[PDB]
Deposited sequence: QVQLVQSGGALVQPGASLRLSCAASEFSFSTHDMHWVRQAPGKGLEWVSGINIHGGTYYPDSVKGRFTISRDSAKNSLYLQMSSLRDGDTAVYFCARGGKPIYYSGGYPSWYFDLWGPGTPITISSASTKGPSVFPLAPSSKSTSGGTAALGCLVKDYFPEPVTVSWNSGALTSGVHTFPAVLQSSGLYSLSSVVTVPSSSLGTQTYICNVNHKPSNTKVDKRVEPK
């Protein structure tokens, strides 16, 4: 019911200004304090911006002067405007709703989180992935089950998201963490185990999405 939806991941260069956006579903921004919390890759959580119902803003010294949080309740929009970005700003940015206080102004604890927006700061350019099928064969079967998947090769930056049959196939899926290639690009694979007997009647399509480059690919995986 209640949730938060955020804008897509992106790549920007050092010194650039960038605006993120977050929207609410089944609740209003006008009666809840909202915040932005970021998580650098492989690191913990850091609160970076907050706004109370009055419209007053709070910032930590780590980003004060560079980040600006704003709100447009009539448009159902929460914004984070970042400026003078640098490598240290690479992180996933969550919008988060402040929780109900127990004392008689934000409580500073968060009862609802968005899915996060992955922002990478780098001097390199974006590159969409190439998707190749991992066809099920006699060398990928066992005890009446078969393994198949897709290979997502040569993209930058992270992340790429992979679903199967537009989200209808989830059981038995394994999407591996990306590996860094010597060229500086990333690669990963996504696999799933299915019944061997139904390979002739069922269809298996892996859906790849790389928002930083606005690339979407749907690859049909058939036996060979």
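Stretch of the deposited sequence left without coordinates: only 105 to 107.
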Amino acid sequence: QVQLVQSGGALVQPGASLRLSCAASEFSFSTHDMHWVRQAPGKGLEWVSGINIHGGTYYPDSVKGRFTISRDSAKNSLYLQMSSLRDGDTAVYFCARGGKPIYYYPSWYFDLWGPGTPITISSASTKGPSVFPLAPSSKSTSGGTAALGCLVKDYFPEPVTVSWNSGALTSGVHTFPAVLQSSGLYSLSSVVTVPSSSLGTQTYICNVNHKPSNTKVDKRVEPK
From here on, numbers count along this sequence of modelled residues.
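Averaged over their C-alpha atoms, the temperature factors of 30 to 38 and 160 to 168 are higher for 160 to 168. Mean CA B-factor, 44 to 52 versus 61 to 69: the higher value falls on 61 to 69. In the PDB entry, the Cα temperature factor peaks, among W113, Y103, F132, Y93, at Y103. For the set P118, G149, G98, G143, the maximum C-alpha B-factor listed in the entry falls on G143. When all modelled residues of the chain are sorted by CA temperature factor, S21 is found within the lowest third.
Per-chain ranking of the deposited C-alpha B factor places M82 in the middle third. Remark: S197 belongs to the highest third of its chain, ranked by C-alpha B-factor as recorded.
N207: CA B factor lies in the middle third for its chain, per the PDB record.
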